[PDB]
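What follows is one chain in structure tokens, specifically the form deposited in one PDB entry.
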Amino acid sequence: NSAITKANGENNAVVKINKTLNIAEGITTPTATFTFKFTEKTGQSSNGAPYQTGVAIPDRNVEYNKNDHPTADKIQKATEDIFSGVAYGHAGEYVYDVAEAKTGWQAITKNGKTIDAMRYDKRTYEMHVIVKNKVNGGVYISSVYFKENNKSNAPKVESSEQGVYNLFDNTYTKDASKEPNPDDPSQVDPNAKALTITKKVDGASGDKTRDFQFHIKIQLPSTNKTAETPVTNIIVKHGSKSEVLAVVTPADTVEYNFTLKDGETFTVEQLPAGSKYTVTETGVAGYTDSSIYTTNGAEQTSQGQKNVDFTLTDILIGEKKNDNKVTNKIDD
């Protein structure tokens, strides 16, 4: 059974617990310590003897900081060998409830307002530690497996690799645009808007009273599904209008048409960092469109073609500044 970590001869089995932290793009890994607690459990082995007791396992922890970086929206970190410095005295089946504490992380806060959030795994496991006699005396850890608690006819948890078990899964989310100063993330602006798009008309012959047509699609990050508080609605503002737009599930997307004149701004009030947008301005006769935009604090540019729909695709909305100046240019 691949699910069981086994000993080589009379050498202790080596088991590690792996934490998965889900975290989207444009986000600095927070300071977080996740602690796993092992509580002795009474019951009855299949040989008829009670589960043995009286051997503690230390609390085990994994630490996250700004120098951990995600792959495919997750940071995996494993404890060391959980039986490090643990000695059993006599053979039998030792069982523990393994749970994750809700400790070791604090929200970034400014003017009494939090800008981030941590969803803690509520799953618990039964760890079975099968201790056996060495032929010459003393004991050893022969085999270890895990079953999830409060699950009908629970199967044994498969290891991710030799001795490493992915038991605990946590999700970090963070607001867009609240860390505007790239030299100092401590200078938090709690009133910052998630995204602004401003229209400029450039040219003595440019029509500064007409409407230019826009379509925006917002993709909320994969971490929204597992967030402490998933986002289900966003608020958009243009001219005098303010609208509450529903998030379409399961895609986790919002599509919206709006107009801008010269000087006008479209605003998304609040979004999770790691959100992405695609914005299309409709071609108008005479006009060549262009963009100067800040994507998670990075300044970029894009150049349109004359009288053709101008598209920016999969633009990251990060923790740092997010904005977009679209310029419509016409020759005299």
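Shifts are known only where both forms have a C-alpha. Definition used throughout: the rigid core is the maximal C-alpha set that superposes within 1.5 Å between two forms. Sequential numbering from 1, following the sequence displayed.
Form deposited in another entry: not shown, discussed below.
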| query | Picking from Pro182, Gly89, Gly239, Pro155, which residue has its CA shift by 2 Å or more between this form and the one not shown, once the rigid core of the two forms is superposed? | reply | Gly239
| message | When the rigid core is used for the superposition, does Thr103 move between this form and the one not shown (threshold: C-alpha shift of 2 Å or more)? | response | no
| request: Superpose on the rigid core, then tell me if the C-alpha of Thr229 is displaced by 2 angstroms or more between this form and the one not shown. | output: yes
| said: Can you confirm the direction of the Cα distance change for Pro230 and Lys122 in the other entry, closer or farther than in this form, given it is 3 Å or more? | reply: farther
| task | Based on a C-alpha change of 3 angstroms or more, tell me if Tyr256 and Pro230 lie closer or farther in the other entry than in the shown form. | result | closer
| Displacement runs between this form and the one not shown, C-alpha, 2 Å or more, three or more consecutive residues, core aligned | 227-240
